[PDB]
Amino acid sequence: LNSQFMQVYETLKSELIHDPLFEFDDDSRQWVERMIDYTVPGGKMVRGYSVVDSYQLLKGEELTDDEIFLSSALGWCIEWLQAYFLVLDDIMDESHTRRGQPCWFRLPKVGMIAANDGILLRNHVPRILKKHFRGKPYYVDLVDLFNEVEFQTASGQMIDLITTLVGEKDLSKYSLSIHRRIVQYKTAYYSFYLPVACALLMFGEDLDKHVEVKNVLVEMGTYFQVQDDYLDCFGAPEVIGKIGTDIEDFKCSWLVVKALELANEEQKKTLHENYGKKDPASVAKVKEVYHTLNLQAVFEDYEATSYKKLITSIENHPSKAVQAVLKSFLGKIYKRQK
């Protein structure tokens, strides 16, 4: 159902740039169409896809043309929402590239106009919801759902920024609790809960009755980001497709907060003196501390322990349909190498 998913993108984009709520001309229609094409469909679309996959698993049989369109539409709302956050994040972080191209705000003719473009993208989400879902009994739930997850994501970004940018760098500002809070609100609600929540609402379910599903997905999304933190330092560049810079970038990574928790006082001193320095020798001393502390084994331990909990929680769920949704998510990330 890939070609169709992409076809749904083309239809939604075409609808957006002929939106009756706004008086377009040639230049403004061109501006938005190009902005959408640049910022929205350039990724792997895993979150988007997941709506269609999860919905298929809920039904148990093949989808109608309408179910494929509707599930893909919600998938795209998620991708639109992510694109908006990423456009702004690139601005705040002074990034240079994303998805193999200059960041939107880096183009000569875009500049800080990118900030309002990101805002436009966010507003595209209710336009899509209104066009195709306004007659559904669960319309209000979808609208509330997207606002709430957007709120949680913004709040997660907020604590990430103030933890890692406000004031002096001070590695003691970092901790496991803060790391969890950041990862949970910033990524886990929109990446893992949102897709399944979309599928559930479309299936006719009541989210008030699926808190269990939400809690598992949040846990899973937390595990997912720990894996990412780990891979940034220990994954092979030939496999993960980048050279990690979390150490240089003074990131609140699971690795540094774990190391801080395990270190003695010379190691803690080494960390404080070398973490966040763009220097290859300082980076090496950090990685050396991680090796000495055996962080690989600690992570393998965490991963083994997290997997069993998730599996246990999933199997304990009364719905077999839900289990198949959850196990599919757990399966796409467990022991991944990128």
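We number the residues from 1 along the sequence you see.
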The stretch whose C-alpha atoms carry the larger average B-factor in the entry, 251-259 or 230-238, is 251-259
Comparing mean C-alpha B factor in the record for 163-171 and 74-82, the higher one is 163-171
Among 35, 46, 51, 286, the highest C-alpha B-factor in the PDB entry belongs to 286
Top Cα B-factor in this entry, restricted to 223, 203, 104, 190, sits on 203
Assert third(CA B-factor, residue 322) within chain per record equals highest
Quick tally, chain-level thirds of C-alpha B-factors: residue 267 sits in the highest
Tertile call for residue 93 (CA temperature factor, within chain, third-based) is the middle
Among the modelled residues of its chain, the C-alpha B-factor of residue 219 falls in the third labelled middle
Of the three thirds of the chain ranked by Cα temperature factor, residue 150 occupies the lowest
